[PDB]
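Working notes, structure below.
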Amino acid sequence: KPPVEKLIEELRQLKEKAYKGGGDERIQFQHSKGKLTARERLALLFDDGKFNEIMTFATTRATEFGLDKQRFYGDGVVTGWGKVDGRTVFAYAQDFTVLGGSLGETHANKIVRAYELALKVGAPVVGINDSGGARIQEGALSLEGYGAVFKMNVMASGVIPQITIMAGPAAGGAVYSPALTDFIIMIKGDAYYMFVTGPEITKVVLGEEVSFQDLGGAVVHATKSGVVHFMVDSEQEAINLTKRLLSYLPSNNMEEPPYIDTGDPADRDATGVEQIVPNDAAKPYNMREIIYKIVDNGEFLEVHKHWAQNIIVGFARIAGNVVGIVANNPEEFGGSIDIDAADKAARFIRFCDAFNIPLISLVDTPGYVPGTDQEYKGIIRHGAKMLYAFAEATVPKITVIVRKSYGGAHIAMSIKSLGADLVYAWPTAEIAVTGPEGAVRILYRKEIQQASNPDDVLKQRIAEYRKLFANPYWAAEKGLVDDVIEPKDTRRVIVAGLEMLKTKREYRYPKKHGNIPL
Amino acid sequence: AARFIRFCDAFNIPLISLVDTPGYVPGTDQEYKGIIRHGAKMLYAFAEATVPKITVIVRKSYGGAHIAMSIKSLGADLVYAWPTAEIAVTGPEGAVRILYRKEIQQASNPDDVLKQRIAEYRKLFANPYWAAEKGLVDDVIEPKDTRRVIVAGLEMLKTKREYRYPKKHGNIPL
C-alpha cells in the first residue's frame, strides 16, 4: 500500500460506512419511519460548520455472543461537540440501528469522554437518548459502563447544565443517566418510553398486554411521575426546545446566565396587572397572566407544565436578564402546595441557584393539600425540600405576595428569615399565621358558643380578623415585608431589585454537602 | 438508603455495602410514583460520597440495583465477592430470554431449552469469577474472612482523600 492519494480515498469510504451506523436499510429507514437517526438529530441541533466528533471508529472489544461478528464503527453512539446559537455544547446521540442503541462498554466510554471534555472546559451536555438498555451480550461490563456515565452525571451536577432528549425505548439502566440530568425533554409521538422494569416481569403478575408506543410513556412521566420536565409531540420540537432551553442557561456555574436581548424596556409598566385578581377573594385567576405582564414580551418557558400544576415554575427575562419564577397556581388545588409541587419547586430552585439564576416568587397560597394520603406519602419531608432549597440558595431572591400567603406555605415561598433579600406585597396581599377561619376558631374557642348563634361570631370574628390582619400592612409594620406596592409597579420594582442584587455575595458553612430531606 | 448514604458521607462515616438484590420492584405504582428519579438518588448519593466505600456481594446483584449498591465505576474503593455472589447484567432468565431467541422458537426443541440455557448462563456468568476476570471485583473471598477484609480495607482507606469539582452544590433528583 504505497499511494497516499489512495489512502485518503479509502478513508472516505470507511467514514461513509461508519455514518450508516450499520443498516443502509435502517438509517435509510430514517425520513419516514417515525424517528430520525442519531446523526440527523445532531444535524438539526447544531449550527454545524465548525466542530468535531470524537472516537468515530471506536468499536466494541467484546467477543462473546457474536460481538466479534459485527463491527459497527462508533459502537452505537455519536459523541463530540459543536455550536448551538454560537455557543459550545457537547452531546452524544445513541444510534438505535446499532444493536438497539445498546450500551456497550466502548459506547459508555465515549459518553464518558464526552462528559470529561465538557467538564474540563465548562460546556453543557445534551444527551439524545435512544437506547433499549444494557447490552446483554457484554454482561457486567455494560453495568460498569452505566456506572461510569452516572458518576460523570453526578460530577457535572450543578457545574454544567445537563439536558436529555428522550427519543427512544429506554428500559432498565437506560433511565438513570437521564434522571440524574437537570431536564428531560421527551417526545410523545416521535420518541416513546422509559421504565426501570419492563412489562415482562410484571405481565405474569396481572394480565394486560400493552402493544408498543407510549406504554409507561411520556404522558405518564410528564403528568404523573414528574420524571419528564417537557413533553413535546415531535423530535423537531424536541431539538428546537433544547436550543431554547440552552438560551436561558449559562454554559457553566462560573458564568452568569446569558443576556440575549439585554434590552431594558424595564423603564416602566402600564398594563394594569391588578385587573387580573378578582375583587372576590374566593375566585381564581390565571397566575400566568400576571407573569406575562411582568416579564419581557410576556415570554415564559414553563418547566413541569403538566405535572403538579398547583405551582408554576419556569424561565423568563426581566430587563433582558434571565430569572427563575416560582408561583402558586390558583386554578389547581386552590393554589395549595403539594408533595409533587414541593418536589417540582424545590429542584427548580436548587437548579436556578446552582447556575446563578435569580429567583422571583409570586405568592397566592392558602397552605398544603390536606389528607391522610399526603401525610402517608410524607408531605412533611417533601414540603421541607422547598424550605431547604430557598434557605440554601445564595442567588438573588425576591418575593412578591400578590394575594394569599398562609402558614407553612407562606414560609416555603421564601420570606426574610428564610433568606429572602426583598419582599413586596400588593395591596391585595393577605399574610396570616393560618387561614383566617382556622385562626378565629381557636382564637375564640370558648366563645362562639356563649353568644347568640354558633355561626354569628364567625363574621364579627372571621371578617374582623381579616380586616385587622388579612392585609399587607400588619407584616409591613413589623418589618417583615419591605414595602406594599401598586401592582403595575411590580416590574419596575423587580428590575431595580435585581439590578442592585446583581453582585450579591453571601456566606455558607464549609461542608462536603448538606443533607436535604429526600 | 440515599439519605443514609449522604448523611454518613457528610459526617465522615465509612460505608459498607452488603449485596443480594435481583433488581427493582416492578409495576405501574412504582413507575407512576417515579421510581426512575427516586432510584437515581442512591446512584447520586454513592457517586457523590468521598468517605471510604467497600462493597461485599454476598449473593445476587443484577442490573441497575447492582450499580446502585456501589460498584467501582460509581466510586467504590474496594469490591469483594463471596463464592456465592451472582452478578448479572439482568436476571438470568430475562437475559437468556433475549440471548437465546432466534433459537427458542426456531430450534426443533419445544420449550425445555429456556431452563437449560438459563442454567448454563448462570454457570457461565452467574459466578463472581467472570466479573473478577474483568477487574470489576478486586477479589472473591471466603465468607468467614469478610470481617478481616473490611478491617484491612478500612484501616488503609482511613486517610482517604478524593477530589470534587467546585460548585455551590449539586442537583440530585428530588
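Taken together, the criteria place A:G147 among residues that are within 14 Å of chain B (Cβ to nearest Cβ), buried (at least 24 other Cβ atoms within 10 Å of the Cβ) and among the small types (G, A, S).
B:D112 meets the conditions (1) of a type in the set (D, E); (2) touching a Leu at 6+ places or on another chain (Cβ under 9 Å); (3) more than 23 Å from A:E105 (Cα to Cα) in every case but one. The failed one is (2). The number of residues in segment A:89-106 that are of a type outside the set (A, V, I, L, M, F, W, C) and under 27 Å from the mean Cα position of the chain (by Cα) comes to 5. Looking only at segment A:416-435, residues that are among the hydrophobic types (A, V, I, L, M, F, W, C), part of a loop (DSSP other than H, G, I, E, B) and closer than 24 Å to A:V369 by Cα come to 2 in all. Is it the case that segment A:40-52 has a residue that's closer than 30 Å to B:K134 by Cα and either touching a strand residue (DSSP E or B) at 6+ places or on another chain (Cβ under 9 Å) or crowded, with 18+ Cβ neighbours inside 10 Å (or both)? Checking segment A:40-52: not a single residue is closer than 30 Å to B:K134 by Cα and either touching a strand residue (DSSP E or B) at 6+ places or on another chain (Cβ under 9 Å) or crowded, with 18+ Cβ neighbours inside 10 Å (or both).
Check every one of the helices (runs of 4 or more DSSP H) wholly within segment A:436-518 and list those with 2 or more residues that are under 40 Å from the mean Cα position of the chain (by Cα).
Those helices (runs of 4 or more DSSP H) span A:436-443, A:462-468, A:472-477, A:490-501.
How many residues, within segment A:183-205, are assigned to a loop (DSSP other than H, G, I, E, B), without any contact (Cβ under 8 Å) to a residue 24 or more places away in the chain and at the interface with chain B (Cβ under 10 Å from one of its Cβ atoms)?
3
When A:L67 is tested against the conditions (1) touching a helix residue (DSSP H, G or I) at 6+ places or on another chain (Cβ under 6 Å); (2) surrounded by fewer than 24 Cβ atoms within 10 Å (Cβ to Cβ); (3) at positive phi; (4) not charged (D, E, K, R), the lone failure is (3). Scanning segment B:114-144 for residues being crowded, with 16+ Cβ neighbours inside 10 Å and of a type outside the set (G, A, S) gives a total of 13.
Count of segment B:102-126 residues, restricted to those that are part of a loop (DSSP other than H, G, I, E, B) and within 11 Å of chain A (Cβ to nearest Cβ), is 3.
Of all residues in segment B:86-101, those satisfying the criterion of being at the interface with chain A (Cβ under 10 Å from one of its Cβ atoms), in contact (Cβ under 8 Å) with a residue 12 or more places away in the chain and assigned to a helix (DSSP H, G or I) are B:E93, B:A95, B:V96, B:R97, B:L99.
Just to be sure before I move on: is A:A170 in contact with a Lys or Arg (Cβ under 8 Å, 6 or more places away or on another chain) and closer than 28 Å to A:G34 by Cβ in the structure I sent? It is false that A:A170 is in contact with a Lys or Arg (Cβ under 8 Å, 6 or more places away or on another chain) and closer than 28 Å to A:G34 by Cβ.
So, A:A174, is that one touching a strand residue (DSSP E or B) at 6+ places or on another chain (Cβ under 9 Å), within 12 Å of chain B (Cβ to nearest Cβ) and small (G, A, S) or not? For A:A174, the condition - touching a strand residue (DSSP E or B) at 6+ places or on another chain (Cβ under 9 Å), within 12 Å of chain B (Cβ to nearest Cβ) and small (G, A, S) - is met. Restricting attention to segment A:476-495 and to residues that are out of contact with any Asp or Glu (no Cβ under 7 Å at 6 or more places or on another chain) and over 11 Å from A:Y424 (Cβ atoms), the residue that is surrounded by the most Cβ atoms within 10 Å (Cβ to Cβ) turns out to be A:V495. For segment A:363-383, what are the residues that are buried (at least 19 other Cβ atoms within 10 Å of the Cβ) and part of a helix (DSSP H, G or I)? Correct list: A:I379, A:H382, A:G383.
Among all residues of segment A:402-409, there is at least one that is in the same structural domain as A:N310 (by CATH), farther than 13 Å from A:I337 by Cα and buried (at least 19 other Cβ atoms within 10 Å of the Cβ). If you go through segment A:498-514 one residue at a time, do you hit one that is within 14 Å of another protein chain (Cβ to nearest Cβ), crowded, with 16+ Cβ neighbours inside 10 Å and not hydroxyl-bearing (S, T, Y)? Among the residues of segment A:498-514, at least one is within 14 Å of another protein chain (Cβ to nearest Cβ), crowded, with 16+ Cβ neighbours inside 10 Å and not hydroxyl-bearing (S, T, Y), which makes the answer yes.
Are any residues in segment A:466-475 aliphatic (A, V, I, L, M) and surrounded by fewer than 16 Cβ atoms within 10 Å (Cβ to Cβ), and if so, which ones?
A:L468
Helices (runs of 4 or more DSSP H) fully within segment B:1-85 that include at least 1 residues being of a type outside the set (A, V, I, L, M), within 9 Å of another protein chain (Cβ to nearest Cβ) and free of Cβ contacts under 8 Å to residues at least 40 places away in the same chain: B:2-10, B:28-32, B:35-48. The condition of being part of a loop (DSSP other than H, G, I, E, B) and under 20 Å from A:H107 (Cβ atoms) holds for only one of A:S142, A:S131, A:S177, that being A:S131.
The values are calculated or read from the model by the stated rules, or taken from the named source; no laboratory instrument gave them. Every residue, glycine among them, receives a Cβ derived from its backbone with ideal geometry; neighbour counts consider all protein chains shown.
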